[PDB]
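If you're matching positions, the sequence shown starts at 1376 in our numbering and goes up one per residue.
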Amino acid sequence: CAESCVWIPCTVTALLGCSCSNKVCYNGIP
């Protein structure tokens, strides 16, 4: 997922099924 929650949490890919694994959204897909 093209979303890194370094400061701000995922909002775009959040509804796509991506969770913050480690300051970046990575759930199956990048």
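Cβ coordinates follow ideal geometry from the N, Cα and C atoms, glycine included.
A Cβ-Cβ separation of about 14 Å leaves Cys1380 out of contact with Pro1405 under the 8 Å criterion. In this structure, the alpha-carbon of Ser1396 lies about 11 Å from that of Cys1385. Shown here for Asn1402: same chain residues with a beta carbon closer than 8 Å to its own, the five before and five after excluded, namely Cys1376, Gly1392, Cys1393, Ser1394, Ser1396 in chain order.
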